[PDB]
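Results of the structural survey
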Amino acid sequence: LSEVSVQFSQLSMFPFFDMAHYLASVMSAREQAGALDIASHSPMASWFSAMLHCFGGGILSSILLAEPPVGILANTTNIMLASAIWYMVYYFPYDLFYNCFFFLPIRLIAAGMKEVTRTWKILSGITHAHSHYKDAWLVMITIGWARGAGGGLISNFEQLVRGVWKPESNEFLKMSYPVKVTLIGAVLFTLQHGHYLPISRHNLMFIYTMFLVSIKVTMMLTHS
Amino acid sequence: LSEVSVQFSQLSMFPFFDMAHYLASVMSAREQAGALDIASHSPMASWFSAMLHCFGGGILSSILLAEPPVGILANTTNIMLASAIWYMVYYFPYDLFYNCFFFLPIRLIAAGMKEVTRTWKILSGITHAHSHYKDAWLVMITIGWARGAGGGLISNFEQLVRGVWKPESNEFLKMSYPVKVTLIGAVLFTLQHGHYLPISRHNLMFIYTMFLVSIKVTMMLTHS
Amino acid sequence: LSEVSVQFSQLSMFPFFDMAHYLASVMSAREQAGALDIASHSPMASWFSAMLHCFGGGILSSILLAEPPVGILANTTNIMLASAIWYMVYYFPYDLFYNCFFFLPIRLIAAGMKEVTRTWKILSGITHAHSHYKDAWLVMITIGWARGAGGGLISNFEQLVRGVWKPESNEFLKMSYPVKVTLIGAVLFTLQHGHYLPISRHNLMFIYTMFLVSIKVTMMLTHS
């Protein structure tokens, strides 16, 4: 039944899903070590650290392609759309926001939707790298991977933003789960655009997104 | 009497004022902790650290706009115009140069003129960001702010140049005086170009520059 | 006998010499402190650290010229041509590869050929900077120098890649031999393109390359 994947390929991420990626990235940034004191004593650094979690893919993909990073800041609808989620995650009255989204089902849904945004980020970087370089495979892998897990690769300098400098925890030394999954996805969809992978783009899209959401849901259910 | 602000708006900064910004930035860089030993044992690193103080605004504004930083190095008149001030600040015979410019009135004048260069740097970044992005407010704030206090934002990596690595003293954690003032100015003049601020550009220019020079003069008089 | 330098100027570096630069840079990267454990426990970080040794000149010259660094990754023939040398330097059976190229004559030849690649990298950066900026001397010096010893200038962040963070060993504080030699060469050939240096390009090319190869050969013979 390939008629369902065609329906899945018509999804738009502007209203609902972008807020889900921003919310999962901002909450996951808050749950990190010493992130509450940053927002309590330096809202600027915590806000910028949140933006590195939300728009790290576009930032790294722009720096790697010699594209202006401030171009990501031009979309005031997305920047404000993430900054509101930041201010509600940290400075909501009685912390009613976080306590609402820390609930297990809501957290599962939000995270699972961020996993969906990751896909269109990977393909966006692959097709964009194709717009800059025709049949260059490594470029498409690098930019699609850069949009898939951008915040995870700038995680060292992002740590440097909040104030923690860990020169030992490099992403290449020990590849984390989301970064390595974004590598596998970038390679796969790069083989898809190059037609080296015998499957249509929509079906590979759907099966990859499902294989990601199922894994993260299993991780969050087995962690609690 | 708005006829005086029109006369103030016709100022040119190529001869006198650029040397004032370079001199205040180089002297303020020398007065930092452990900067004399750098120039005494490694003139290259002290020179580059001085260039990060002088041309940090153009460097950061160029990196943020995907513009070549080496483009700032093309203007050999400005680069030499600052390098001469560096070599005279550090390696002048009997230190007759620094001891002359460390005098309170001369230091007040030079610093106060650097405060004037900061304004045209902010507006240069705002109008330049307008040339790259029409009515994008955050871009104009970011580039005007990037030219206002560029050396203050690269101050971490600039510290890394001389040899001191302080991951705890981030500019976003504790915003210093010049950086936060450049933020306020970038926001104000950005509202001016967008015509959200009910005042002409020249008058806002003059009152902002005066409000800056008066504050720094008061700081230098109350510090000694 | 200027007829021999004309024959030397017709050299092509695509097959033999590029592999020599990649091999000397990868081997010299392995001989660094704690580089074997990186390749034994994290092949990704050791591979990227090797690419920073091989393509550091193009990377830094691309970042300084606002050119996409991923553009260096487009040439899959060169990237694979270096990655094969990396995998053979580290993971060859019985370490038969390294033990073969660590032999004194073979090491002398490979290093001496890397010294030859350095020249065409310097001139490539100088003529490229001329394509971006006509008669800007400092730009040509900066880009030619950036291609001459690129890995030596990113050596701090390259150290940060493997996991060692040394904020005290800056290249400007103590200029190493290859970096300072690349500075002298960039200045000389920049004076050549500007015709301030009374010598033809080919003769200066040959005498500079010889003056480099002789020095490195003398160093490797006096070190063992």
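The numbering scheme restarts from 1 for each chain and tracks the written sequence of that chain rather than necessarily the entry's numbering. Residues without coordinates are not displayed. Chains and ligands are labelled by the order in which they are written, letters from A for the one and numbers from 1 for the other. Hydrogens and water molecules were not included; the side-chain quantities draw on all heavy atoms of the structure. Residues with missing side-chain atoms are left out of burial classes, side-chain pairs and their counts.

Per the PDB record, the structure was determined using X-ray crystallography to 3.7010 Å resolution.

Identification of chain A as Trimeric intracellular cation channel type B-B from Xenopus laevis is taken from the PDB entry. Recorded in the entry header as its title is "Crystal Structure Analysis of a Eukaryotic Membrane Protein". UniProt positions are given in the numbering used here, feature names are shortened, and annotations may be inferred rather than shown by experiment. Among the UniProt annotations of chain A, the heading Catalytic activity holds the following wording: "K(+)(in) = K(+)(out)". Per UniProt, the comment on chain A under Subcellular location is "Endoplasmic reticulum membrane".

So, the relation of the copies chain B and chain A
Both copies of the chain are related through a single rotation about an axis accompanied by a shift along the same axis. A least-squares fit on the C-alpha atoms is what superposes the copies onto each other. Least-squares fitting of chain B to chain A yields an RMSD of 0.0 Å, with the transformation described by 0.0 Å of translation along the axis and a rotation of 120°. This pairing of chains is accounted for by a three-fold axis. Within chain B, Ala66 of chain B has its C-alpha nearest the rotation axis, a separation of 3.4 Å. The overlap is low: 12% of the interface residues of chain B also sit at the interface in chain A, so different surfaces are used on the two sides. Residues are treated as being in contact if the distance between any of their heavy atoms lies within 4.5 Å.

Description of the packing of aromatic side chains
Working definition: a ring pair exists when centres of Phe, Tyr or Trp rings (six-membered ring for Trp) sit within 6.5 Å. Plane angles under 30 degrees give stacked, over 60 give edge-to-face, the rest tilted. Within the structure shown, the criterion is met by 45 aromatic pairs over all chains. Both rings, one in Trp86 of chain B and one in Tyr91 of chain B, keep their centres 5.3 Å apart while their planes meet at 70°; by these two values the pair is edge-to-face. Only protein chains enter the calculation, and the probe is 1.4 Å; a residue is then buried if its accessible area is under 20% of its type maximum, exposed if over 50%, and partly exposed in between. Accessibility expressed as a relative area gives 8% for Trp86 of chain B, which makes it buried. Here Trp145 of chain B and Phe172 of chain B contribute two aromatic rings whose centre-to-centre distance is 6.4 Å and whose plane-to-plane angle is 35°, an arrangement assigned as tilted. Of this pair, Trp145 of chain B sits in helix α10 (residues 137-148) while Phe172 of chain B sits in the loop between α12 (155-162) and α13 (177-193), and the two are 27 residues apart along the sequence. One aromatic cluster is present, built from ring pairs that chain together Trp86, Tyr87, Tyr90 and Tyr91 of chain A. In this description a helix means any DSSP run of H or I spanning at least four residues, a strand means any run of E spanning at least two, and both kinds are numbered starting from the N terminus.

Here's the deal with a nonpolar patch on the surface
Taken together, the side chains of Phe92, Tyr94 and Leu96 of chain A make up a nonpolar region of the molecular surface, amounting to roughly 380 Å² of accessible area. Note on placement: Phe92 of chain A falls in the loop between α7 (76-91) and α8 (96-101). Nonpolar side chains (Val, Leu, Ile, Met, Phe, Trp, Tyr) are joined into patches within 5 Å and like charges within 9 Å, using only residues with over 30% relative accessible area and no salt bridge. For every accessible area listed, the method is Shrake-Rupley and the probe measures 1.4 Å; residues are considered covered only by the protein chains on display. Here, a salt bridge means any side-chain nitrogen of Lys or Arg that lies within 4 Å of a carboxyl oxygen of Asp or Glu.

Overview of the UniProt feature "transmembrane region" in chain A
Residue and element names in this part refer to chain A. In the numbering adopted here, UniProt assigns the feature "transmembrane region" to residues 13-29, 42-65, 77-96, 100-118, 137-154, 176-193 and 202-222. With 80% helix and 0% strand, residues 77-96 has its two end C-alpha atoms placed 24 Å apart. With 94% helix and 0% strand, the stretch residues 176-193 has end C-alpha atoms that lie 26 Å from each other.

Considering the packing of helix α2 (residues 16-30) of chain C against helix α9 (residues 104-132) of chain C
All names here are of chain C. Here an angle of 0 to 180 degrees is reported between the N-to-C directions of two axes, which are lines fitted to C-alpha atoms, with helices fitted over the stretch in contact. Two elements in contact, α2 and α9, have axes separated by 8 Å at closest approach and are oriented at 110°. By the angle between their directions, the pair α2 and α9 is classed as roughly perpendicular. Remark: the crossing between α2 and α9 carries left-handed chirality. Between α2, through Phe16, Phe17, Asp18, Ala20, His21, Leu23, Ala24, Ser25 and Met27, and α9, the contact on the second element is made entirely by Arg107, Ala110, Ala111, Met113, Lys114, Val116, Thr117 and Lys121. Under the grouping applied here, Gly and all other residues not named as nonpolar or charged are polar, the nonpolar ones being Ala, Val, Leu, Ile, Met, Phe, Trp, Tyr, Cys and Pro and the charged ones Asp, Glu, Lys and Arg. Taken together, the residues of the contact of α2 with α9 sort by class into 10 nonpolar, 3 polar and 4 charged. Here roughly perpendicular refers to angles of 65 to 115 degrees, roughly parallel to angles under 35, roughly antiparallel to angles over 145, and oblique to all remaining angles. Here a crossing is called left-handed whenever its near helix is offset anticlockwise from the far helix by less than a right angle, and right-handed whenever the offset is clockwise.

Describing the relation of the copies chain C and chain A
Superposition record for chain C on chain A: RMSD 0.0 Å, screw rotation 120°, translation along axis 0.0 Å. By residue overlap, the copies meet through two different surfaces: only 10% of the interface positions of chain C are interface positions in chain A.

Describing helix α12 (residues 155-162) of chain C
Most of α12 of chain C sits out of view: 7 of its 8 residues are buried. Considered for burial, the residues of α12 of chain C that qualify are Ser155, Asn156, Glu158, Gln159, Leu160, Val161 and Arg162 of chain C. Where α12 of chain C is buried, its residues touch α12 (155-162) of chain A, α12 of chain B together with α2, α3 (35-41), α4 (43-54) and α11 (150-153) of chain C. Downstream of α12 of chain C by one or two residues, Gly163 of chain C has phi in the positive range, about 135°.

Some details on α4 of chain C
An expected span of 1.5 Å times one less than the residue number is assigned to each helix. Taking 1.5 Å per residue as the helical rise, α4 of chain C with its 12 residues ought to reach 16 Å, and the 16 Å between its terminal C-alpha atoms agrees with that figure. Where α4 of chain C is concerned, the buried positions are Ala45, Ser46, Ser49, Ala50, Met51, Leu52, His53 and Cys54 of chain C.

Considerations on the interface of chain B and chain A
Counting residues at the interface gives 16 residues for chain B, matched by 21 residues for chain A. Accessible-area loss on putting two parts together, using a 1.4 Å probe and summing over both, is the definition of buried area adopted here. Contact between chain B and chain A buries roughly 1,500 Å² in total, counting both sides, with carbon and sulfur atoms accounting for 75%. For the pair chain B and chain A, the interface holds 0 salt bridges. Of all the elements in the fold, those that place two or more residues in the side of chain B that touches chain A are α5 (56-64) and α10 of chain B. The element best represented in the side of chain B that touches chain A is α10 of chain B, accounting for 4 residues.

Quick notes on the pattern of salt bridges
Tallied over the entire structure, the rule returns 12 salt bridges over all chains. In this structure, the salt-bridge partner of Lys216 of chain A is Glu115 of chain A, at a minimum N-O distance of 3.6 Å. A residue pair is termed long-range when its members are at least 10 positions apart, and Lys216 of chain A in helix α14 (residues 201-223) and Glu115 of chain A in helix α9 (residues 104-132) qualify at 101 residues. Residues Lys216 of chain A and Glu115 of chain A agree in their burial class; the two are buried. Between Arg118 of chain B and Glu115 of chain B there is a salt bridge, with the nearest N and O atoms lying 2.5 Å from each other. Of the two residues, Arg118 of chain B and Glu115 of chain B both sit in helix α9 (residues 104-132), 3 residues apart, roughly one turn of that helix. One network of salt bridges, in which partners are shared, links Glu115, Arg118 and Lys216 of chain A.

Quick look at unusual backbone geometry
Phi angles above zero are rare outside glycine, and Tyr94 of chain B is one such case at about 55°. Position of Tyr94 of chain B relative to the elements: it lies in the loop between α7 (76-91) and α8 (96-101). For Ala66 of chain C, which is not a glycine, the phi torsion comes out positive at approximately 55°.

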